[PDB]
Amino acid sequence: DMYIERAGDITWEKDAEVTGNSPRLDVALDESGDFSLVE
Amino acid sequence: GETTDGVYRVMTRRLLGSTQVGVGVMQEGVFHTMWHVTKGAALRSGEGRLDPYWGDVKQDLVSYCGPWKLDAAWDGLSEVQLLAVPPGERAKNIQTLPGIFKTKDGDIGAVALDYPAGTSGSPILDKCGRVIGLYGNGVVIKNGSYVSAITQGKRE
Ligand SMILES: C[C@@H](CN)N1CCc2sccc2C1
């Protein structure tokens with residue numbers, strides 16, 4: 001039995017921590033909604 | 001129950017203690033999350049019940065109480081923020097420049113940030129605070145790192 005609990009507002013925050021790269025990937029999406037890498 | 005717009009944790013008491021299985025967005029009276037978080041089950045909000053209204057396994061999305069309301073899109077150029085809501089931890093904004101998933105049916109933005117599975121459904125936002133998609137359906141690349149699609153629904 002699942003339940004929900006509020007965790008915050010949805011707002012852009014100035015000076016948030018900035019990280020993560022920006023990879024360009026060839027992918028395939030199957031009928032079950034799973035993504036896989038195409039090589 | 002609580003109908004205020006915002007980001008919410010999705011919890012279950014079926015396992016050990018109270019476990020966070022995902023996250024979602026309440027907007028215009030509709031609850032939005034990824035299909036793999038709830039498997040399309042009904043949800044509770046206080047003494048109230050939220051019933052599924054639309055869902056699609058291939059898109060990995062589901063809406064409750066009404067049709068999918070989120071229609072903003074990544075502009076393809078700007079940094080975005082993941083409003084990460086990890087299990088047992090405070091909501092935190094992380095800014096990043098999305099990468100791209102290139103598919104046979106078109107290109108999708110993707111965010112290279114790694115959080116626990118219970119963070120699935122956390123919203124990705126643009127500089128106006130609009131939700132451009134949900135985090136949590138993606139792939140594991142060569143170096144073992146996780147990259148999530150920016151998954152967005154269609155507003156009918
Ligand atoms: C470690 C990787 C393995 N694919 N995963 C599991 C599934 C999800 S949904 C959000 C984050 C994660 C992290």
Side-chain angles (χ1 to χ4, degrees), chain A, chain B residues 1-2 4-14 21 23-27 31 35-36 38 41-45 50 57-60 79 81 83 85 90-105 110-113 123 125-129 131 137-139 141 147 149:
Chain A
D1 203 61
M2 294 179 174
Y3 63 99
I4 64 175
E5 292 186 333
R6 204 166 182 272
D9 288 5
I10 299 177
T11 302
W12 177 271
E13 296 293 333
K14 280 186 204 67
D15 302 321
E17 160 209 325
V18 184
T19 198
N21 69 310
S22 322
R24 289 184 198 265
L25 304 159
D26 289 336
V27 303
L29 173 62
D30 69 13
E31 182 172 285
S32 295
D34 307 312
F35 280 108
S36 61
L37 288 185
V38 175
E39 303 255 7
Chain B
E2 190 167 23
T4 314
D5 281 7
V7 64
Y8 288 65
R9 303 175 192 276
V10 177
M11 309 292 301
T12 180
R13 301 238 180 91
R14 197 180 54 86
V21 294
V23 179
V25 175
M26 186 77 75
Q27 181 170 130
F31 191 64
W35 192 90
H36 79 264
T38 68
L43 299 176
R44 189 165 51 75
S45 179
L50 298 202
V57 157
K58 185 177 175 175
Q59 293 182 47
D60 194 25
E79 287 192 343
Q81 284 185 2
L83 179 46
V85 188
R90 202 146 46 235
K92 180 184 54 254
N93 295 64
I94 311 289
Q95 192 164 318
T96 197
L97 180 75
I100 306 294
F101 273 6
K102 301 193 234 194
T103 82
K104 63 168 219 269
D105 294 317
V111 154
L113 298 171
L125 334 176
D126 63 22
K127 300 185 194 165
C128 298
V131 173
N137 193 25
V139 80
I141 70 170
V147 181

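All values below come from the heavy atoms of this structure, side chains included, with hydrogens, waters and symmetry mates left out. Naming convention: chains lettered A, B, ... in sequence-line order (proteins, then strands); numbering from 1 in each chain.
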Q: For each of B/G6, B/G129, B/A42, tally heavy-atom pairs with chain A at distances under 4.5 Å, and name the one with the top tally.
A: B/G6
Q: Relative to chain A, which segment of B/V111 carries a heavy atom at a distance below 4.5 Å: side chain, backbone, both, or neither?
A: neither
Q: With a 4.5 angstrom heavy-atom cut-off, could you sort out which part of B/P98 is near chain A: side chain, backbone, both or neither?
A: backbone
Q: Counting only heavy atoms closer than 4.5 Å, note whether B/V23 contacts chain A via side chain, backbone, both or neither.
A: neither
Q: Check whether B/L97 gets within reach of chain A through its side chain, its backbone, both or neither, counting any heavy atom under 4.5 Å.
A: both
Q: If I measure from the heavy atoms of chain A, does B/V147 come under 4.5 Å with its side chain, its backbone, both, or neither?
A: side chain
Q: Looking at every non-hydrogen atom in both residues, tell me the closest pair between A/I10 and B/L83 and how far apart they are.
A: CA-CD2, 3.9 Å
Q: Of the backbone (N, CA, C, O) and the side chain (C-beta and beyond), which part of B/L43 lies under 4.5 Å from a heavy atom of chain A, both, or neither?
A: both
Q: So which donor and acceptor atoms of chain A and chain B come within less than 3.5 Å of each other?
A:
unit_1 : atom_1 : unit_2 : atom_2 : d
A/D1   : OD2    : B/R44  : NE     : 3.4
A/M2   : O      : B/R44  : N      : 2.8
A/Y3   : N      : B/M11  : O      : 2.9
A/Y3   : O      : B/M11  : N      : 2.8
A/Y3   : OH     : B/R13  : NE     : 3.3
A/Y3   : OH     : B/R13  : NH2    : 3.3
A/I4   : N      : B/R44  : O      : 2.9
A/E5   : N      : B/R9   : O      : 3.1
A/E5   : O      : B/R9   : N      : 2.9
A/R6   : NE     : B/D5   : O      : 3.2
A/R6   : NH2    : B/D5   : O      : 2.8
A/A7   : N      : B/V7   : O      : 2.8
A/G8   : N      : B/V7   : O      : 3.3
A/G8   : O      : B/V7   : N      : 2.9
A/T11  : O      : B/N93  : ND2    : 3.0
A/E13  : N      : B/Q81  : OE1    : 2.9
A/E13  : O      : B/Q81  : NE2    : 2.9
A/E17  : O      : B/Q95  : N      : 2.9
A/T19  : N      : B/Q95  : O      : 2.9
A/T19  : O      : B/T96  : OG1    : 2.6
A/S22  : OG     : B/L97  : O      : 2.7
A/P23  : O      : B/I100 : N      : 2.9
A/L25  : N      : B/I100 : O      : 2.9
A/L25  : O      : B/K102 : N      : 2.8
A/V27  : N      : B/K102 : O      : 2.9
A/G33  : O      : B/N137 : ND2    : 2.8

Q: Let me know if B/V85 has heavy atoms under 4.5 Å from chain A in its side chain, its backbone, both or neither.
A: side chain
Q: Can you say whether B/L50 sits under 4.5 Å from chain A via the side chain, the backbone, both, or neither, judging by heavy atoms?
A: side chain
Q: Keeping to residues at least two apart or across chains, list the ring pair (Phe, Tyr, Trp, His ring centres under 6.0 Å) pairs with something in residues 18-39 of chain A.
A: A/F35-B/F101
Q: Over all heavy atoms of both residues, which pair between B/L113 and A/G20 is shortest? Give the atoms and the distance, please.
A: CD2-CA, 4.1 Å
Q: With chain B, which of A/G8, A/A16, A/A28 has the greatest number of heavy-atom pairs at distances under 4.5 Å?
A: A/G8
Q: In terms of heavy-atom pairs under 4.5 Å with chain A, which of B/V25, B/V21, B/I141, B/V131 leads?
A: B/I141
